[PDB]
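Data block below; observations after.
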Amino acid sequence: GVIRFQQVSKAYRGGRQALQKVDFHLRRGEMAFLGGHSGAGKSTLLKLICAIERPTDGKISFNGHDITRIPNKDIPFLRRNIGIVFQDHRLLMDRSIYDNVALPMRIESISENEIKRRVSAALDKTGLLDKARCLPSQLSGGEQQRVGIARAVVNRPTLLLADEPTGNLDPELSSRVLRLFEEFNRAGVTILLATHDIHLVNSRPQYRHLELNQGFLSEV
Amino acid sequence: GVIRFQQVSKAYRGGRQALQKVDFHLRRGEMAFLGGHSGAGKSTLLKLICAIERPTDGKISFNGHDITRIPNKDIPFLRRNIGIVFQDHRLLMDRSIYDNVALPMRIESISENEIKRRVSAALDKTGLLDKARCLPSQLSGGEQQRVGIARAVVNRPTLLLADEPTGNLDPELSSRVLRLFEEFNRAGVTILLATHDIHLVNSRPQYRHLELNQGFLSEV
Amino acid sequence: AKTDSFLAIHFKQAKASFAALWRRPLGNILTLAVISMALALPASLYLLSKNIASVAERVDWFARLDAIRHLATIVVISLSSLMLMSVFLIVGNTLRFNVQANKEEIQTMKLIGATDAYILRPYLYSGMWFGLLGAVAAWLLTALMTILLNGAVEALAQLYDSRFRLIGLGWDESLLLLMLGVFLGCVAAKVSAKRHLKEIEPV
Amino acid sequence: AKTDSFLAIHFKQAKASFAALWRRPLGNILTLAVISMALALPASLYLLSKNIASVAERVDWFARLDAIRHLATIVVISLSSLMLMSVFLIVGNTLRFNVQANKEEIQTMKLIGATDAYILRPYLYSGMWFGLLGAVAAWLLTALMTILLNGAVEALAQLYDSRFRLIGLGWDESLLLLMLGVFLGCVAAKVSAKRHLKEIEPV
Ligand SMILES: Nc1ncnc2c1ncn2[C@@H]1O[C@H](COP(=O)(O)OP(=O)(O)O)[C@@H](O)[C@H]1O
Ligand SMILES: Nc1ncnc2c1ncn2[C@@H]1O[C@H](COP(=O)(O)OP(=O)(O)O)[C@@H](O)[C@H]1O
Ligand SMILES: [Mg+2]
Ligand SMILES: [Mg+2]
């Protein structure tokens, strides 16, 4: 599958443990919510997926390739596949929106014309094409979050990880953001969402729900 | 009253306007929620209260003293009265909890014994006395937020401003944090909360509710 | 509300600032070394000028001698001006880096209602410590350089049938060197920190 | 997927890094001035030693002249080594400050999957430009010092009737000066930036 865990567990330096015997399987095209409590281990699970922090007990398989002990030099090649959306909508206030959305395409050298066309297509898909030349500051919060999502997805990632994207938005815009994510899922991009809002997940029961309680994953 | 507005309005550098003809009165001891949409002007209203940004049209009265054109040298004396709680639970990860909670008491030079006793009393009130010597990292999210609230309230502020304190907590801990705020209000500290969660405000109808919609305040 | 006295808080600030310098060894040892070398160079130039002037005084001819002294004074003054200017700038850069390092702390401190002077004093004392330590290191370096030169000078003095010996910096000159070091460490710190701290917002 | 060529990306990186220095005029002009003066001292000292040695060659006397030459060489070497070390050290501090200024950009770049070389090359080229500009500024400073000193030297020579004038740095020497400047600007940048880049995390 697009990601798998085999008896993976993690213990921090202090001795507090985020994840214990968590096991789940994800098939290409499926979407998951990964519900949990204020504590539990939702963020850590996302960090482990993209190799920001290494595990201790089990093994991680991305596409049949072990990520348990990936050498530090090969991490960037893995991260290029995975796109990440964070709650803080990390953006560079100095640069323009078009520059922020084009950073993943410039990390690997690409011709400027292709960058222009691809960024234009992505912003058109997210509806921010009009304000492509504006600074992030002038945008509203929802627009900044959509710019972040566009920057995450611009590079055709196989797996998209979102860490509470709707933290700083009222319920009205939550539906819009979740429908944008559903459109991306329809496109064929595997998505693993992460949130603690029970109402939002209960709204849509089509997608399988995994509950992470005190480091244990019922997967029901 | 503890804070008042007279036809105050604000226009940003870009020309977008956060607040238009917003007028409200707050009596000592009362508590308000200040509900609004994802956009609207909830954060700006809080910034204007404590003179981080100055207004343009109207005038602001803290305790009968005009704050409209307070000289930059007298701002710290005003800010000492006002305690602020932010969504990000701003804490210094390097220092210990006891040091973070004692920073307001060290900004103005005070004898170390009084600082010790007052910080101990505050942490006992918030229930974090046991972990006073621990680092913020080892604490959980709710504990970090409670430490932030304790640091805000340690200096006996007359007015307490909270900017979405419960942004990063699930509903279970929201009740605990709101009950802590209610205890502080019972103590006699005027509180002006700010949130967009309609469910939380609808839960408790005792406190007057002010709705901020597109920069206009119905106050109903 | 018990409040500490003026001298008590100032002494506490001095001790705390001295302690803080060792938070980052690599960041603050290189700057001390650079300041020491930069301030020692002009001291050695002045030392050589003083020695040659003493030799000349100890010894048509008179008229030509004065011009050589004028040329030596001009050269030494030019190099001293260069090096003293260099010390002023490097101190400012280190304190700007330190201020940018403590961005969050200053943000929180300003948000709570701390006066600007409280935010600024630790950096003034850090600059003063930089200047004092740099001056001491420069004095030691000049002493070592004199010790090194004496060996070569002995051969020249012997070949000339003389008893000439290098003379180190006078004890009155060392006080002036320390005063200059602390003066730079304070003035550069004040100017740079005051100009840079204004453009930091509480949030 | 079309990809730019090696030379194309390197040239673009050099051009963009040169453009970057002008983001902060106060931040990066003072460092250039300090480097210029520090690397100017060795060149000016070599110029003076060369001039006096040429005069001596133009002019019992044989024995003492060799000792004087030995003393001059020792002095010049000792004073120049300090400035070379100072130039090596100061460059590292400016790049450390720059890296700490671009903390968020490096965090986001690492998070997206950029290799370390992409993160590092701009700082290498910034250091190289620092070195080259410092060398050019030092050369100009030495020329200006020669112009200033020539008037006083002529005034002195009038009384002596020597009819002797100073001569500027040779072209071959200037190439070596530029090479040394770029060498320091590259090596210090590589060492400091590489050692510091490890301890910055994506989140
Ligand atoms: N850097 C850390 N040091 C010590 N403990 C940590 C650290 N990060 C997380 N923890 C603890 O381990 C668990 C992981 O936290 P996390 O899963 O990120 O919570 P959340 O899902 O709300 O983001 C929690 O109990 C947390 O307190
Ligand atoms: N620094 C700024 N520059 C330009 N526009 C801003 C700035 N800050 C806020 N705004 C805009 O003015 C209004 C104030 O934003 P704000 O009240 O903080 O929203 P929220 O209540 O969600 O925090 C919004 O329309 C916002 O887009
Ligand atoms: Mg989280
Ligand atoms: Mg806000």
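Every chain in the structure tokens takes a letter, A first, then B, and so on in the order presented; its residues are numbered from 1, and the ligands are numbered from 1 following the presented order.
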Please, which residues have at least one atom within 9 Å of an atom of ligand 3, using only C-alpha atoms and all ligand atoms, listed as a ChimeraX atom specification?
/A:38-39,41-44,87,163-164,194-196 /B:168
Residue subset to file, keeping N, CA and C atoms, as a PDB file, in the first residue's frame:
ATOM      1  N   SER A  38      -6.923  15.523  22.355  1.00  0.00           N
ATOM      2  CA  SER A  38      -6.010  16.667  22.358  1.00  0.00           C
ATOM      3  C   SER A  38      -4.580  16.196  22.476  1.00  0.00           C
ATOM      4  N   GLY A  39      -4.374  15.114  23.212  1.00  0.00           N
ATOM      5  CA  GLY A  39      -3.046  14.565  23.381  1.00  0.00           C
ATOM      6  C   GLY A  39      -2.893  13.454  22.364  1.00  0.00           C
ATOM      7  N   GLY A  41      -1.405  10.613  19.775  1.00  0.00           N
ATOM      8  CA  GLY A  41      -0.198  10.782  18.996  1.00  0.00           C
ATOM      9  C   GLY A  41      -0.410  11.182  17.548  1.00  0.00           C
ATOM     10  N   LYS A  42      -1.379  12.043  17.260  1.00  0.00           N
ATOM     11  CA  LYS A  42      -1.650  12.398  15.872  1.00  0.00           C
ATOM     12  C   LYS A  42      -0.515  13.097  15.130  1.00  0.00           C
ATOM     13  N   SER A  43       0.116  14.099  15.725  1.00  0.00           N
ATOM     14  CA  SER A  43       1.213  14.775  15.037  1.00  0.00           C
ATOM     15  C   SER A  43       2.425  13.884  14.863  1.00  0.00           C
ATOM     16  N   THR A  44       2.745  13.098  15.882  1.00  0.00           N
ATOM     17  CA  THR A  44       3.904  12.225  15.801  1.00  0.00           C
ATOM     18  C   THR A  44       3.750  11.220  14.681  1.00  0.00           C
ATOM     19  N   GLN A  87      -1.108  23.267  10.146  1.00  0.00           N
ATOM     20  CA  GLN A  87      -2.132  24.141  10.704  1.00  0.00           C
ATOM     21  C   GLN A  87      -1.751  25.610  10.574  1.00  0.00           C
ATOM     22  N   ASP A 163      -2.011  18.135   8.625  1.00  0.00           N
ATOM     23  CA  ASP A 163      -1.985  18.151  10.086  1.00  0.00           C
ATOM     24  C   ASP A 163      -2.921  19.261  10.556  1.00  0.00           C
ATOM     25  N   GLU A 164      -4.184  18.906  10.770  1.00  0.00           N
ATOM     26  CA  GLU A 164      -5.204  19.843  11.221  1.00  0.00           C
ATOM     27  C   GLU A 164      -5.208  21.100  10.348  1.00  0.00           C
ATOM     28  N   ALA A 194      -5.784  14.579   9.427  1.00  0.00           N
ATOM     29  CA  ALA A 194      -5.579  14.450  10.866  1.00  0.00           C
ATOM     30  C   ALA A 194      -6.332  15.566  11.566  1.00  0.00           C
ATOM     31  N   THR A 195      -7.287  15.203  12.419  1.00  0.00           N
ATOM     32  CA  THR A 195      -8.090  16.200  13.110  1.00  0.00           C
ATOM     33  C   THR A 195      -8.682  15.584  14.365  1.00  0.00           C
ATOM     34  N   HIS A 196      -9.062  16.457  15.297  1.00  0.00           N
ATOM     35  CA  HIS A 196      -9.705  16.055  16.541  1.00  0.00           C
ATOM     36  C   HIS A 196     -11.163  16.480  16.612  1.00  0.00           C
TER      37      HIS A 196
ATOM     38  N   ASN B 168      -6.358  25.045  20.100  1.00  0.00           N
ATOM     39  CA  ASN B 168      -5.631  23.800  19.884  1.00  0.00           C
ATOM     40  C   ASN B 168      -6.025  22.707  20.874  1.00  0.00           C
TER      41      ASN B 168
END
Where does chain A meet ligand 2 within 7 Å, residue by residue, with the nearest atom pair and distance in Å to one decimal for each, counting only C-alpha atoms and all ligand atoms, listed by chain and rising number, as a tab-separated table?
residue	atom	partner	partner_atom_place_in_ligand_line	distance
A:137	CA	ligand 2	3 (N)	5.6
A:138	CA	ligand 2	4 (C)	5.1
A:139	CA	ligand 2	27 (O)	6.2
A:140	CA	ligand 2	27 (O)	4.3
A:141	CA	ligand 2	27 (O)	6.8
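Close contacts of residue B:127, defined as residues with an atom at most 12 Å away when counting only C-alpha atoms, with chain neighbours fewer than 5 positions off set aside, comprise residues 119, 120, 121, 122, 132, 142, 143, 144, 146, 147, 149, 150, 176 and 180 of chain B.
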Write the residues of the selection above to a file with N, CA and C atoms, as an mmCIF file, in the first residue's frame.
data_model
loop_
_atom_site.group_PDB
_atom_site.id
_atom_site.type_symbol
_atom_site.label_atom_id
_atom_site.label_comp_id
_atom_site.auth_asym_id
_atom_site.auth_seq_id
_atom_site.Cartn_x
_atom_site.Cartn_y
_atom_site.Cartn_z
ATOM 1 N N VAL B 119 4.178 33.192 42.740
ATOM 2 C CA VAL B 119 4.154 32.196 41.674
ATOM 3 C C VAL B 119 3.628 30.869 42.201
ATOM 4 N N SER B 120 4.038 30.487 43.414
ATOM 5 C CA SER B 120 3.516 29.258 44.000
ATOM 6 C C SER B 120 2.007 29.337 44.171
ATOM 7 N N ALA B 121 1.502 30.475 44.650
ATOM 8 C CA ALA B 121 0.060 30.628 44.809
ATOM 9 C C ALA B 121 -0.658 30.521 43.468
ATOM 10 N N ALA B 122 -0.126 31.176 42.434
ATOM 11 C CA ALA B 122 -0.779 31.135 41.128
ATOM 12 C C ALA B 122 -0.795 29.720 40.562
ATOM 13 N N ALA B 132 6.118 22.771 38.791
ATOM 14 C CA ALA B 132 6.646 24.125 38.664
ATOM 15 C C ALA B 132 8.087 24.134 38.171
ATOM 16 N N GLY B 142 -2.639 20.948 27.047
ATOM 17 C CA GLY B 142 -3.494 21.607 28.020
ATOM 18 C C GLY B 142 -2.707 22.194 29.175
ATOM 19 N N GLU B 143 -1.691 21.468 29.643
ATOM 20 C CA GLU B 143 -0.850 21.986 30.714
ATOM 21 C C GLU B 143 -0.102 23.236 30.268
ATOM 22 N N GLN B 144 0.388 23.252 29.027
ATOM 23 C CA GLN B 144 1.063 24.445 28.525
ATOM 24 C C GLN B 144 0.104 25.627 28.453
ATOM 25 N N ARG B 146 -2.548 26.085 30.332
ATOM 26 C CA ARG B 146 -2.800 26.518 31.701
ATOM 27 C C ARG B 146 -1.620 27.311 32.250
ATOM 28 N N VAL B 147 -0.396 26.913 31.900
ATOM 29 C CA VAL B 147 0.776 27.687 32.299
ATOM 30 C C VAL B 147 0.721 29.082 31.693
ATOM 31 N N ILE B 149 -2.002 30.757 30.881
ATOM 32 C CA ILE B 149 -3.029 31.502 31.608
ATOM 33 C C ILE B 149 -2.493 31.971 32.954
ATOM 34 N N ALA B 150 -1.772 31.096 33.657
ATOM 35 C CA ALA B 150 -1.197 31.473 34.943
ATOM 36 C C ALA B 150 -0.215 32.624 34.786
ATOM 37 N N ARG B 176 -12.925 22.500 30.642
ATOM 38 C CA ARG B 176 -12.046 22.752 31.778
ATOM 39 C C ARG B 176 -11.451 24.153 31.707
ATOM 40 N N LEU B 180 -12.054 27.285 34.293
ATOM 41 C CA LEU B 180 -10.976 28.042 34.926
ATOM 42 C C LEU B 180 -11.174 29.541 34.720
#
Per residue of chain D within 6 Å of chain C, what are the shortest atom pair and its distance in Å to one decimal, counting only C-alpha atoms, with rows by chain and residue number, as JSON lines?
{"residue": "D:34", "atom": "CA", "partner": "C:86", "partner_atom": "CA", "distance": 5.4}
{"residue": "D:86", "atom": "CA", "partner": "C:34", "partner_atom": "CA", "distance": 5.5}
{"residue": "D:97", "atom": "CA", "partner": "C:97", "partner_atom": "CA", "distance": 5.9}
{"residue": "D:156", "atom": "CA", "partner": "C:67", "partner_atom": "CA", "distance": 6.0}
Written selection (N, CA, C and O atoms) as a compact mmCIF listing (two decimals), in the first residue's frame:
# COMPACT_ATOMS: atom_id res chain seq x y z
N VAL D 34 35.11 46.15 6.84
CA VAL D 34 36.03 45.57 7.81
C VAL D 34 37.01 44.63 7.11
O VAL D 34 38.22 44.66 7.37
N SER D 86 42.06 37.06 11.26
CA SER D 86 40.88 37.87 11.53
C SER D 86 39.91 37.84 10.36
O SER D 86 38.69 37.77 10.55
N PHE D 97 25.20 34.68 10.90
CA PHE D 97 24.08 35.60 11.07
C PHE D 97 23.10 35.49 9.90
O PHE D 97 21.88 35.49 10.10
N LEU D 156 59.67 65.13 2.33
CA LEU D 156 60.88 64.67 3.00
C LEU D 156 62.06 64.60 2.03
O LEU D 156 63.17 65.01 2.37
Could you go through stretch 136-189 of chain B and tell me which residues DSSP, when run on the backbone, assigns to alpha helix (DSSP H), listing them as a count of residues only?
30
Compute the chain D side of the contact with chain A at 9 Å, counting only C-alpha atoms, and hand it back as a PDB file with N, CA, C and O atoms, in the first residue's frame.
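The result, written out as out20.pdb:
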ATOM      1  N   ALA D   1      10.672  15.765 -17.829  1.00  0.00           N
ATOM      2  CA  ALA D   1      10.791  17.000 -17.063  1.00  0.00           C
ATOM      3  C   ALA D   1      12.102  17.709 -17.388  1.00  0.00           C
ATOM      4  O   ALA D   1      13.178  17.253 -17.003  1.00  0.00           O
ATOM      5  N   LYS D   2      12.004  18.829 -18.101  1.00  0.00           N
ATOM      6  CA  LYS D   2      13.191  19.591 -18.464  1.00  0.00           C
ATOM      7  C   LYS D   2      13.915  20.072 -17.212  1.00  0.00           C
ATOM      8  O   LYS D   2      13.293  20.589 -16.279  1.00  0.00           O
ATOM      9  N   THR D   3      15.234  19.899 -17.197  1.00  0.00           N
ATOM     10  CA  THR D   3      16.069  20.287 -16.069  1.00  0.00           C
ATOM     11  C   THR D   3      17.213  21.160 -16.563  1.00  0.00           C
ATOM     12  O   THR D   3      17.804  20.888 -17.613  1.00  0.00           O
ATOM     13  N   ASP D   4      17.520  22.208 -15.803  1.00  0.00           N
ATOM     14  CA  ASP D   4      18.588  23.122 -16.181  1.00  0.00           C
ATOM     15  C   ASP D   4      19.946  22.436 -16.099  1.00  0.00           C
ATOM     16  O   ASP D   4      20.141  21.474 -15.351  1.00  0.00           O
ATOM     17  N   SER D   5      20.891  22.948 -16.882  1.00  0.00           N
ATOM     18  CA  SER D   5      22.229  22.387 -16.938  1.00  0.00           C
ATOM     19  C   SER D   5      23.054  22.838 -15.733  1.00  0.00           C
ATOM     20  O   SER D   5      22.709  23.784 -15.021  1.00  0.00           O
ATOM     21  N   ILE D   9      22.675  26.489 -13.816  1.00  0.00           N
ATOM     22  CA  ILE D   9      22.232  26.658 -12.436  1.00  0.00           C
ATOM     23  C   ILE D   9      23.314  27.338 -11.610  1.00  0.00           C
ATOM     24  O   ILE D   9      23.015  28.178 -10.755  1.00  0.00           O
ATOM     25  N   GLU D 104      13.546  30.285   8.665  1.00  0.00           N
ATOM     26  CA  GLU D 104      12.273  29.761   8.177  1.00  0.00           C
ATOM     27  C   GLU D 104      12.391  29.250   6.747  1.00  0.00           C
ATOM     28  O   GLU D 104      11.814  28.212   6.401  1.00  0.00           O
ATOM     29  N   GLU D 105      13.114  29.977   5.894  1.00  0.00           N
ATOM     30  CA  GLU D 105      13.265  29.540   4.512  1.00  0.00           C
ATOM     31  C   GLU D 105      13.964  28.191   4.443  1.00  0.00           C
ATOM     32  O   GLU D 105      13.549  27.308   3.686  1.00  0.00           O
ATOM     33  N   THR D 108      11.508  25.407   5.592  1.00  0.00           N
ATOM     34  CA  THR D 108      10.555  25.025   4.553  1.00  0.00           C
ATOM     35  C   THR D 108      11.250  24.282   3.419  1.00  0.00           C
ATOM     36  O   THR D 108      10.708  23.311   2.882  1.00  0.00           O
ATOM     37  N   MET D 109      12.451  24.726   3.040  1.00  0.00           N
ATOM     38  CA  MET D 109      13.166  24.080   1.944  1.00  0.00           C
ATOM     39  C   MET D 109      13.520  22.641   2.291  1.00  0.00           C
ATOM     40  O   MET D 109      13.367  21.739   1.458  1.00  0.00           O
ATOM     41  N   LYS D 110      13.996  22.400   3.514  1.00  0.00           N
ATOM     42  CA  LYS D 110      14.304  21.035   3.926  1.00  0.00           C
ATOM     43  C   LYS D 110      13.042  20.192   4.019  1.00  0.00           C
ATOM     44  O   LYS D 110      13.053  19.008   3.665  1.00  0.00           O
ATOM     45  N   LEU D 111      11.943  20.782   4.491  1.00  0.00           N
ATOM     46  CA  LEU D 111      10.708  20.019   4.635  1.00  0.00           C
ATOM     47  C   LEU D 111      10.218  19.503   3.288  1.00  0.00           C
ATOM     48  O   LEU D 111       9.699  18.386   3.194  1.00  0.00           O
ATOM     49  N   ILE D 112      10.372  20.305   2.233  1.00  0.00           N
ATOM     50  CA  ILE D 112       9.853  19.925   0.923  1.00  0.00           C
ATOM     51  C   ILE D 112      10.699  18.853   0.247  1.00  0.00           C
ATOM     52  O   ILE D 112      10.219  18.198  -0.686  1.00  0.00           O
ATOM     53  N   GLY D 113      11.937  18.652   0.688  1.00  0.00           N
ATOM     54  CA  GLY D 113      12.770  17.598   0.140  1.00  0.00           C
ATOM     55  C   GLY D 113      13.951  18.090  -0.669  1.00  0.00           C
ATOM     56  O   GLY D 113      14.387  17.417  -1.607  1.00  0.00           O
ATOM     57  N   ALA D 114      14.474  19.264  -0.331  1.00  0.00           N
ATOM     58  CA  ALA D 114      15.641  19.794  -1.019  1.00  0.00           C
ATOM     59  C   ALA D 114      16.915  19.175  -0.461  1.00  0.00           C
ATOM     60  O   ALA D 114      17.065  19.012   0.754  1.00  0.00           O
ATOM     61  N   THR D 115      17.837  18.829  -1.355  1.00  0.00           N
ATOM     62  CA  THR D 115      19.121  18.292  -0.932  1.00  0.00           C
ATOM     63  C   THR D 115      19.949  19.378  -0.252  1.00  0.00           C
ATOM     64  O   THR D 115      19.736  20.576  -0.449  1.00  0.00           O
ATOM     65  N   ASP D 116      20.909  18.940   0.565  1.00  0.00           N
ATOM     66  CA  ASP D 116      21.725  19.889   1.318  1.00  0.00           C
ATOM     67  C   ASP D 116      22.536  20.792   0.397  1.00  0.00           C
ATOM     68  O   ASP D 116      22.734  21.973   0.705  1.00  0.00           O
ATOM     69  N   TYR D 118      21.793  22.105  -2.462  1.00  0.00           N
ATOM     70  CA  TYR D 118      20.989  23.238  -2.904  1.00  0.00           C
ATOM     71  C   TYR D 118      20.895  24.293  -1.811  1.00  0.00           C
ATOM     72  O   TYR D 118      20.960  25.496  -2.089  1.00  0.00           O
ATOM     73  N   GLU D 201      16.439  22.279  12.091  1.00  0.00           N
ATOM     74  CA  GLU D 201      15.492  21.209  11.823  1.00  0.00           C
ATOM     75  C   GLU D 201      14.320  21.718  10.993  1.00  0.00           C
ATOM     76  O   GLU D 201      13.949  22.891  11.086  1.00  0.00           O
ATOM     77  N   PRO D 202      13.710  20.856  10.176  1.00  0.00           N
ATOM     78  CA  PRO D 202      12.586  21.316   9.345  1.00  0.00           C
ATOM     79  C   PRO D 202      11.424  21.868  10.150  1.00  0.00           C
ATOM     80  O   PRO D 202      10.767  22.815   9.700  1.00  0.00           O
ATOM     81  N   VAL D 203      11.147  21.308  11.323  1.00  0.00           N
ATOM     82  CA  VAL D 203      10.063  21.794  12.167  1.00  0.00           C
ATOM     83  C   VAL D 203      10.443  21.641  13.634  1.00  0.00           C
ATOM     84  O   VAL D 203      10.951  20.602  14.049  1.00  0.00           O
TER      85      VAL D 203
END
Could you superimpose chain C onto chain D using all C-alpha atoms, paired one by one in order, and tell me the resulting RMSD in Å?
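That comparison of chain D with chain C gives 0.6 Å.
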Quick one: residues within 12 Å of residue A:204, only C-alpha atoms counted, chain neighbours fewer than 4 positions away excluded, as JSON, numbers by chain?
{"A": [31, 32, 33, 175, 178, 179, 182, 198, 199, 200, 208, 209]}
Compare B:63, B:218, B:17, B:202 by their minimum atom-to-atom distance to chain A, counting only C-alpha atoms, and give me the closest one.
B:17
So what do you get for atom CA of residue C:186 versus atom CA of residue C:129, distance-wise?
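Atom CA of residue C:129 lies at a distance of 8.7 Å from atom CA of residue C:186.
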Set the distance at 12 Å and use only C-alpha atoms: which residues neighbour residue D:122 once local chain neighbours fewer than 2 positions away are removed? I'd like the list as number ranges by chain.
D: 9-21, 95, 98-99, 102, 106, 116-120, 124-129, 186, 189-190, 193
Could you write out that same residue set with C-alpha atoms as a PDB file, in the first residue's frame?
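Saved as part_33.pdb:
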ATOM      1  CA  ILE D   9      22.232  26.658 -12.436  1.00  0.00           C
ATOM      2  CA  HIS D  10      25.648  27.645 -11.080  1.00  0.00           C
ATOM      3  CA  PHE D  11      25.637  30.935 -13.009  1.00  0.00           C
ATOM      4  CA  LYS D  12      22.077  31.681 -11.897  1.00  0.00           C
ATOM      5  CA  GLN D  13      23.029  30.935  -8.292  1.00  0.00           C
ATOM      6  CA  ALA D  14      26.037  33.260  -8.471  1.00  0.00           C
ATOM      7  CA  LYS D  15      23.951  36.065  -9.975  1.00  0.00           C
ATOM      8  CA  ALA D  16      21.149  35.641  -7.430  1.00  0.00           C
ATOM      9  CA  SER D  17      23.533  35.440  -4.467  1.00  0.00           C
ATOM     10  CA  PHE D  18      25.270  38.617  -5.617  1.00  0.00           C
ATOM     11  CA  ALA D  19      21.850  40.265  -5.834  1.00  0.00           C
ATOM     12  CA  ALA D  20      21.099  38.990  -2.319  1.00  0.00           C
ATOM     13  CA  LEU D  21      23.924  40.977  -0.698  1.00  0.00           C
ATOM     14  CA  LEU D  95      27.372  33.901   7.262  1.00  0.00           C
ATOM     15  CA  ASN D  98      22.743  35.248   7.516  1.00  0.00           C
ATOM     16  CA  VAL D  99      21.842  31.587   8.064  1.00  0.00           C
ATOM     17  CA  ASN D 102      16.978  32.617   6.804  1.00  0.00           C
ATOM     18  CA  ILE D 106      15.728  26.729   5.232  1.00  0.00           C
ATOM     19  CA  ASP D 116      21.725  19.889   1.318  1.00  0.00           C
ATOM     20  CA  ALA D 117      23.837  21.064  -1.630  1.00  0.00           C
ATOM     21  CA  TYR D 118      20.989  23.238  -2.904  1.00  0.00           C
ATOM     22  CA  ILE D 119      20.653  24.809   0.544  1.00  0.00           C
ATOM     23  CA  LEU D 120      24.403  25.361   0.832  1.00  0.00           C
ATOM     24  CA  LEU D 124      29.362  29.476  -0.633  1.00  0.00           C
ATOM     25  CA  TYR D 125      28.911  31.991  -3.436  1.00  0.00           C
ATOM     26  CA  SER D 126      28.038  34.755  -0.969  1.00  0.00           C
ATOM     27  CA  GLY D 127      31.303  34.025   0.833  1.00  0.00           C
ATOM     28  CA  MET D 128      33.235  34.016  -2.438  1.00  0.00           C
ATOM     29  CA  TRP D 129      31.783  37.407  -3.376  1.00  0.00           C
ATOM     30  CA  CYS D 186      35.204  30.313   0.167  1.00  0.00           C
ATOM     31  CA  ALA D 189      31.985  30.042   4.313  1.00  0.00           C
ATOM     32  CA  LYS D 190      32.204  26.317   3.612  1.00  0.00           C
ATOM     33  CA  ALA D 193      27.941  27.043   6.971  1.00  0.00           C
TER      34      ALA D 193
END
Could you please determine the separation between atom CA of residue A:214 and atom CA of residue A:40 in Å, to one decimal place?
4.5 Å
Could you jot down the atom CA of residue C:166 to atom CA of residue C:150 separation for me, Å, one decimal place?
6.3 Å
I want to know what sits within 12 Å of residue A:56, based on only C-alpha atoms, with residues of the same chain fewer than 2 positions away left out; could you give that as a PyMOL selection string?
chain A and resi 6-13+17-21+48+53-54+58-60+67-69
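The nearest approach to ligand 1 among the residues A:45, A:189, A:3, A:93, with only C-alpha atoms and all ligand atoms taken into account, belongs to A:45.
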Could you check which of A:123, A:85, A:135, A:46 is closest to ligand 1, using only C-alpha atoms and all ligand atoms?
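Residue with the minimum atom-to-atom distance to ligand 1: A:46.
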